[PDB]
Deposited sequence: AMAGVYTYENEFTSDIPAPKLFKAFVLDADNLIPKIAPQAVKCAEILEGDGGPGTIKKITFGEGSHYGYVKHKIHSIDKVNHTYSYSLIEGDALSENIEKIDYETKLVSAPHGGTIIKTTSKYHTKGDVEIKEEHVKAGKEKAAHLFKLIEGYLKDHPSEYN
C-alpha cells in the first residue's frame, strides 16, 4: 500500500535541430513512426480530447497496445509530457509512468533531448537496472531511425 515515485533521468544528443525534431518526433509521432518502424507502431487512435492536454490515445503495435494520456505540450519551449496509463509495463506495483521530454538547443545547432521518467509505485519497489536499460536501447534504436528519415527527406518538418 505505500505510494511513492521513482524518478529516472536520461539525455541523448542529435545533430537535427530542435524545432524540426519537435515537429517530427513529438507532434507527428502518430504519422511518422508507422512509416519507419511498422512494428513499433502499427496504429495510433485518439479516444478523447483535441490532441492537447487531457487527450487519450491508444497505440497498437506489431502484439498488444498501450494508452497514453497527454498532460502538456509547450510548442514554444519544445517540451512535452504524457503518462503511460494502460499497458504491460504497468502492474499492481507500478500503477502508472509519467514521461517528460525537453528538447534543448545545443551550441552547434543540434539538440539535447532530456527525458524524465517517473514511476508511480505501490508497495515494495522493485525496478531492475536491466529493464530500464533495455528501454533506453529500444528507444535509441528507434530514435536513430527517425534521424535517418529526417536526413533522407530534408524538405519535411521545416
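| task | May I ask you to mark the stretches of the deposited sequence that the structure leaves without C-alpha coordinates? | result | Unobserved in coordinates, per deposited numbering: 63-66, one stretch.
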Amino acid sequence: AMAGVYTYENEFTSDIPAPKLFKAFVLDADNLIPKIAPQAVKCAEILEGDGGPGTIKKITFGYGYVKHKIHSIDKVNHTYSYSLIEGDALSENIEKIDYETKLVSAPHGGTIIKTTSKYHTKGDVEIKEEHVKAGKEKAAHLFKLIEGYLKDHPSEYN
From here on, numbers count along this sequence of modelled residues.
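| When the C-alpha temperature factors are averaged for each of 71-79 and 84-92, which stretch ends up with the higher value in the entry? | The stretch with the larger mean CA B-factor is 84-92.
| 41-49 versus 112-120: which one carries the higher mean Cα B factor per the record? | Comparing averages over the C-alpha atoms only gives 41-49.
| field | Of the residues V66, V125, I56, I97, the one carrying the largest Cα B-factor as recorded | value | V125 has the highest C-alpha B-factor of those listed.
| query | Taking the values straight from the PDB record, which of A106, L32, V26, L103 has the highest C-alpha temperature factor? | reply | Among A106, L32, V26, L103, the PDB entry lists the largest C-alpha B-factor for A106.
| said: Among the modelled residues of this chain, does the Cα B factor of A3 put it in the lowest, middle or highest third? | reply: CA B-factor rank for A3: middle third.
| field | Cα B factor band for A140 (lowest, middle or highest third within the chain) | value | Middle third.
| said: Quick check for you: using the entry's CA B-factors within this chain, is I146 in the lowest, middle or highest third? | reply: Answer is middle: the recorded C-alpha B-factor places it there.
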